[PDB]
$ cat query-v2.cif   # mmCIF, C-alpha atoms and all ligand atoms
data_query
loop_
_atom_site.label_atom_id
_atom_site.label_comp_id
_atom_site.auth_asym_id
_atom_site.auth_seq_id
_atom_site.Cartn_x
_atom_site.Cartn_y
_atom_site.Cartn_z
CA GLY X 56 -65.93 -11.55 -64.07
CA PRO X 57 -62.66 -10.41 -62.47
CA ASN X 58 -63.24 -6.68 -63.00
CA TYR X 59 -65.07 -4.67 -60.39
CA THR X 60 -68.28 -3.16 -61.75
CA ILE X 61 -70.77 -0.42 -60.87
CA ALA X 62 -73.14 -3.20 -59.84
CA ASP X 63 -70.46 -4.47 -57.42
CA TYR X 64 -69.88 -0.99 -56.02
CA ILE X 65 -73.60 -0.60 -55.25
CA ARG X 66 -73.90 -4.08 -53.77
CA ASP X 67 -70.90 -3.50 -51.54
CA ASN X 68 -71.99 -0.18 -50.00
CA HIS X 69 -75.01 1.36 -48.28
CA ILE X 70 -76.43 2.48 -51.61
CA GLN X 71 -80.01 2.13 -52.73
CA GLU X 72 -80.65 1.78 -56.46
CA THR X 73 -84.00 2.58 -58.02
CA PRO X 74 -84.93 2.32 -61.71
CA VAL X 75 -85.95 5.62 -63.27
CA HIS X 76 -88.51 6.23 -66.01
CA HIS X 77 -89.33 9.23 -68.17
CA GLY X 78 -91.35 11.73 -66.17
CA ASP X 79 -90.61 10.34 -62.71
CA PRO X 80 -90.77 13.09 -60.05
CA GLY X 81 -87.31 14.11 -58.90
CA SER X 82 -85.59 12.86 -62.08
CA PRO X 83 -83.40 14.65 -64.62
CA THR X 84 -84.85 15.38 -68.02
CA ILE X 85 -82.66 13.64 -70.58
CA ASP X 86 -83.31 14.63 -74.19
CA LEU X 87 -81.61 12.04 -76.40
CA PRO X 88 -81.88 12.57 -80.15
CA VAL X 89 -83.14 10.01 -82.60
CA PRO X 90 -80.64 9.98 -85.51
CA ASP X 91 -81.84 9.70 -89.08
CA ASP X 92 -82.77 6.19 -90.22
CA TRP X 93 -83.07 5.22 -86.56
CA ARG X 94 -86.36 4.70 -84.74
CA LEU X 95 -87.33 5.35 -81.12
CA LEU X 96 -87.93 2.41 -78.80
CA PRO X 97 -90.38 3.06 -75.96
CA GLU X 98 -89.49 2.09 -72.42
CA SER X 99 -89.76 -1.64 -71.93
CA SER X 100 -88.06 -4.55 -70.20
CA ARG X 101 -85.59 -4.67 -73.11
CA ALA X 102 -85.01 -0.87 -73.20
CA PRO X 103 -85.56 0.40 -69.66
CA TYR X 104 -85.19 4.10 -70.47
CA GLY X 105 -86.01 3.79 -74.12
CA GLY X 106 -83.59 3.38 -76.94
CA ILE X 107 -83.09 3.56 -80.66
CA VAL X 108 -82.94 0.85 -83.31
CA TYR X 109 -81.50 1.11 -86.81
CA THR X 110 -84.15 0.77 -89.53
CA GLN X 111 -81.96 -0.77 -92.28
CA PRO X 112 -80.19 -3.67 -90.60
CA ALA X 113 -78.48 -6.32 -92.69
CA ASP X 114 -80.13 -8.86 -90.35
CA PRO X 115 -83.63 -7.82 -89.20
CA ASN X 116 -83.42 -10.19 -86.21
CA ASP X 117 -80.14 -8.57 -85.04
CA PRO X 118 -80.21 -4.86 -85.84
CA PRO X 119 -77.87 -2.18 -84.45
CA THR X 120 -79.31 -0.80 -81.24
CA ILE X 121 -78.49 1.72 -78.54
CA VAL X 122 -80.48 1.25 -75.35
CA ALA X 123 -80.64 3.60 -72.39
CA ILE X 124 -80.89 2.77 -68.68
CA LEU X 125 -81.37 5.37 -65.95
CA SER X 126 -80.85 4.57 -62.30
CA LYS X 127 -81.23 6.61 -59.12
CA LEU X 128 -78.58 6.03 -56.45
CA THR X 129 -79.04 7.33 -52.92
CA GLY X 130 -77.13 6.81 -49.76
CA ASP X 131 -73.37 6.45 -49.44
CA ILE X 132 -72.57 7.23 -53.07
CA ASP X 133 -69.45 8.90 -54.51
CA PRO X 134 -70.00 10.11 -58.12
CA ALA X 135 -66.32 9.73 -59.06
CA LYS X 136 -66.38 6.08 -58.00
CA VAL X 137 -69.20 5.37 -60.42
CA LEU X 138 -66.99 6.67 -63.23
CA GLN X 139 -63.98 4.76 -61.90
CA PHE X 140 -65.83 1.42 -62.18
CA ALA X 141 -67.73 2.07 -65.42
CA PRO X 142 -65.23 -0.02 -67.52
CA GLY X 143 -65.79 -3.19 -65.50
CA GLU X 144 -69.00 -4.42 -67.07
CA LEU X 145 -67.84 -4.41 -70.69
CA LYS X 146 -64.41 -5.67 -69.67
CA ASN X 147 -66.10 -8.79 -68.17
CA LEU X 148 -67.84 -9.62 -71.44
CA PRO X 149 -66.80 -12.88 -73.19
CA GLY X 150 -63.77 -12.24 -75.33
CA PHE X 151 -63.98 -8.48 -74.89
CA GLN X 152 -61.09 -6.63 -76.47
CA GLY X 153 -61.00 -2.84 -76.51
CA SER X 154 -58.69 0.16 -76.66
CA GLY X 155 -57.73 0.31 -73.02
CA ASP X 156 -60.21 1.05 -70.29
CA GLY X 157 -61.85 3.73 -72.43
CA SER X 158 -61.73 7.44 -71.72
CA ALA X 159 -63.32 10.35 -69.94
CA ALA X 160 -66.07 12.25 -71.68
CA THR X 161 -68.99 14.57 -71.13
CA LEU X 162 -72.65 14.48 -72.06
CA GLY X 163 -74.93 17.45 -71.63
CA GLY X 164 -72.42 19.13 -69.33
CA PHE X 165 -72.07 16.18 -66.91
CA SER X 166 -69.08 13.92 -66.42
CA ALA X 167 -69.06 10.61 -68.24
CA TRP X 168 -66.98 7.61 -69.24
CA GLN X 169 -67.04 5.82 -72.55
CA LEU X 170 -65.48 2.61 -73.69
CA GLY X 171 -65.96 0.41 -76.70
CA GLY X 172 -64.62 -2.75 -78.21
CA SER X 173 -65.48 -6.08 -79.72
CA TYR X 174 -66.66 -9.35 -78.24
CA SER X 175 -67.59 -12.73 -79.65
CA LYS X 176 -71.14 -13.95 -79.05
CA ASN X 177 -72.15 -17.30 -80.56
CA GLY X 178 -69.03 -17.31 -82.73
CA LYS X 179 -69.87 -13.88 -84.15
CA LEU X 180 -67.87 -10.71 -83.55
CA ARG X 181 -69.91 -7.82 -82.16
CA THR X 182 -69.10 -4.16 -81.57
CA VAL X 183 -70.23 -2.96 -78.14
CA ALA X 184 -69.83 0.36 -76.42
CA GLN X 185 -71.10 1.91 -73.24
CA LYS X 186 -71.24 5.55 -72.14
CA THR X 187 -71.92 6.11 -68.44
CA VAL X 188 -72.99 9.57 -67.31
CA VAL X 189 -73.08 10.59 -63.65
CA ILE X 190 -75.72 13.19 -62.83
CA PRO X 191 -75.68 14.35 -59.19
CA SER X 192 -79.05 15.90 -58.43
CA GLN X 193 -81.73 16.43 -55.80
CA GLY X 194 -80.30 14.35 -52.99
CA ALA X 195 -79.18 11.52 -55.26
CA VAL X 196 -76.79 10.53 -58.04
CA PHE X 197 -78.49 9.50 -61.25
CA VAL X 198 -76.54 7.22 -63.55
CA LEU X 199 -77.38 7.07 -67.24
CA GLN X 200 -75.93 4.21 -69.24
CA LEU X 201 -76.09 4.14 -73.04
CA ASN X 202 -75.44 0.61 -74.31
CA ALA X 203 -74.63 0.18 -77.99
CA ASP X 204 -74.44 -3.17 -79.73
CA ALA X 205 -74.18 -4.33 -83.33
CA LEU X 206 -72.59 -6.94 -85.52
CA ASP X 207 -69.00 -6.13 -86.52
CA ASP X 208 -69.94 -5.28 -90.10
CA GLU X 209 -72.30 -2.52 -88.88
CA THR X 210 -69.70 -0.89 -86.61
CA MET X 211 -69.77 2.30 -88.63
CA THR X 212 -73.56 2.58 -88.28
CA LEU X 213 -73.20 2.51 -84.51
CA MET X 214 -70.41 5.10 -84.57
CA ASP X 215 -72.48 7.54 -86.61
CA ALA X 216 -75.39 7.33 -84.19
CA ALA X 217 -73.06 7.83 -81.22
CA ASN X 218 -71.81 11.08 -82.76
CA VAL X 219 -75.33 12.44 -82.96
CA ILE X 220 -76.03 11.53 -79.35
CA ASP X 221 -72.83 13.18 -78.12
CA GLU X 222 -73.53 16.35 -80.11
CA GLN X 223 -77.19 16.91 -79.30
CA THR X 224 -78.08 15.38 -75.94
CA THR X 225 -79.23 17.73 -73.21
CA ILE X 226 -79.52 16.83 -69.52
CA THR X 227 -81.46 19.10 -67.15
CA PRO X 228 -81.40 18.15 -63.43
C1 LIG X 301 -73.34 6.89 -77.14
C2 LIG X 301 -73.63 5.37 -77.05
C3 LIG X 301 -72.51 4.61 -76.34
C4 LIG X 301 -71.20 4.89 -77.16
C5 LIG X 301 -71.43 4.30 -78.53
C6 LIG X 301 -70.10 4.29 -79.27
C7 LIG X 301 -70.51 3.44 -80.50
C8 LIG X 301 -69.43 3.38 -81.57
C9 LIG X 301 -68.69 2.05 -81.60
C10 LIG X 301 -67.67 1.94 -80.48
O1 LIG X 301 -67.17 3.23 -80.16
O2 LIG X 301 -66.65 1.03 -80.93
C11 LIG X 301 -65.50 1.70 -81.46
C12 LIG X 301 -64.49 1.63 -80.33
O3 LIG X 301 -64.16 0.20 -80.26
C13 LIG X 301 -62.88 0.02 -80.83
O4 LIG X 301 -62.59 -1.38 -81.07
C14 LIG X 301 -61.84 -1.57 -82.26
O5 LIG X 301 -60.42 -1.47 -81.93
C15 LIG X 301 -59.98 -2.47 -80.97
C16 LIG X 301 -58.50 -2.19 -80.74
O6 LIG X 301 -58.10 -3.13 -79.70
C17 LIG X 301 -60.23 -3.87 -81.56
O7 LIG X 301 -59.84 -4.89 -80.62
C18 LIG X 301 -61.72 -4.04 -81.89
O8 LIG X 301 -61.92 -5.32 -82.50
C19 LIG X 301 -62.15 -2.95 -82.86
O9 LIG X 301 -63.56 -3.04 -83.16
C20 LIG X 301 -61.83 0.72 -79.87
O10 LIG X 301 -61.47 -0.07 -78.73
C21 LIG X 301 -62.37 2.09 -79.34
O11 LIG X 301 -61.31 3.00 -78.94
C22 LIG X 301 -63.26 2.61 -80.44
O12 LIG X 301 -63.65 3.98 -80.24
#

$ encode --input "query-v2.cif" --output "structure tokens" --more "lines below"
Ligand SMILES: CCCCCCCCCC(=O)OC[C@H]1O[C@H](O[C@H]2O[C@H](CO)[C@@H](O)[C@H](O)[C@H]2O)[C@H](O)[C@@H](O)[C@@H]1O
Amino acid sequence: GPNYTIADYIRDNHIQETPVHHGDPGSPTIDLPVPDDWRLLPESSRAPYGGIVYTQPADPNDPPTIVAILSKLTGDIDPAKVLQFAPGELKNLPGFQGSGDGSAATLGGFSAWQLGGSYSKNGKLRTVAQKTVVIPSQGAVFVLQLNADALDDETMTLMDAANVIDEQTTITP
């Protein structure tokens, strides 16, 4: 879309991006909680750094989910620029409408950005949110993204899970 994204920032600079998996040497330990009535998703193509799925969806083929992605950035990387461009991806979604560009936050003592809103997919309104955490460590900048998605009517289910994550996540470089 017309908004500059983290993907664009990496593509446009001398920055190498590597996917990161649980237990990789050199990687931060990220302890994300599993809220009650949610279930852990192992790492997979659909949930690169794992995720959680709600166990009482109104539609079993479209349940509330929060998926994690962890990337390792090396090279000519500025951590504050990653936060500056975090809004771009959601803002390019079809029909996205949110409260501004989001806001600054923290997770586990590291700087983060969070934004949320609604978008229309296949004529259905969905709630989406993304928290991006920048974790400078060991000659690199790790970027954690937490991607939340649910049908509009289950917005409050997503919000509850996000509270648990914000309260209880630890990050250890
Ligand atoms: C930790 C995992 C990533 C963060 C998960 C946060 C999940 C909770 C749901 C999310 O925060 O959505 C709520 C935010 O979206 C809102 O959107 C509502 O209000 C806008 C106002 O323009 C409206 O257009 C939209 O249709 C509504 O759903 C707000 O934009 C945010 O400020 C809320 O916090």

$ residues_near_point --input "query-v2.cif" --point "(-76.5, -2.7, -77.6)" --cutoff "6 Å" --atoms "only C-alpha atoms" --output "compact mmCIF listing (two decimals) with C-alpha atoms, keeping the file's coordinate frame"
# COMPACT_ATOMS: atom_id res chain seq x y z
CA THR X 120 -79.31 -0.80 -81.24
CA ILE X 121 -78.49 1.72 -78.54
CA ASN X 202 -75.44 0.61 -74.31
CA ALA X 203 -74.63 0.18 -77.99
CA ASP X 204 -74.44 -3.17 -79.73

$ residues_near_point --input "query-v2.cif" --point "(-77.1, 0.1, -93.8)" --cutoff "12 Å" --atoms "all atoms listed in the file" --output "PyMOL selection string"
chain X and resi 91-93+109-115+118-119+205-206+208-213+215

$ residues_around --input "query-v2.cif" --residues "residue X:199" --least-positions-apart "6" --cutoff "10 Å" --atoms "only C-alpha atoms" --output "number ranges by chain"
X: 75, 85, 104, 123-127, 167, 186-190

$ residues_around --input "query-v2.cif" --residues "residue X:134" --least-positions-apart "5" --cutoff "12 Å" --atoms "all atoms listed in the file" --output "list in words"
residues 61, 64, 65, 70, 127, 128, 129, 139, 140, 141, 165, 166, 167, 168, 187, 188, 189, 190, 191, 192, 195, 196, 197 and 198 of chain X

$ residues_near_ligand --input "query-v2.cif" --ligand "ligand LIG 301 (chain X)" --cutoff "9 Å" --atoms "only C-alpha atoms and all ligand atoms" --output "ChimeraX atom specification"
/X:121-123,151-158,169-174,180-187,200-205,207,210-221

$ axis_aligned_box --input "query-v2.cif" --around "stretch 207-214 of chain X" --padding-each-side "3 Å" --output "lines of an AutoDock Vina configuration file"
center_x = -71.3
center_y = -0.5
center_z = -87.3
size_x = 10.6
size_y = 17.2
size_z = 11.6

$ residues_around --input "query-v2.cif" --residues "residue X:193" --least-positions-apart "4" --cutoff "9 Å" --atoms "only C-alpha atoms" --output "list in words"
residues 81, 82 and 228 of chain X

$ atom_distance --input "query-v2.cif" --atom1 "atom CA of residue X:96" --atom2 "atom CA of residue X:84"
17.1 Å

$ closest_residue --input "query-v2.cif" --among "X:149, X:143, X:164, X:78" --to "residue X:176" --atoms "all atoms listed in the file"
X:149

$ closest_residue --input "query-v2.cif" --among "X:87, X:132, X:159, X:95" --to "residue X:71" --atoms "only C-alpha atoms"
X:132

$ closest_residue --input "query-v2.cif" --among "X:90, X:130, X:160, X:97" --to "residue X:73" --atoms "only C-alpha atoms"
X:130

$ atom_distance --input "query-v2.cif" --atom1 "atom CA of residue X:86" --atom2 "atom CA of residue X:162"
10.9 Å

$ atom_distance --input "query-v2.cif" --atom1 "atom CA of residue X:100" --atom2 "atom CA of residue X:147"
22.5 Å
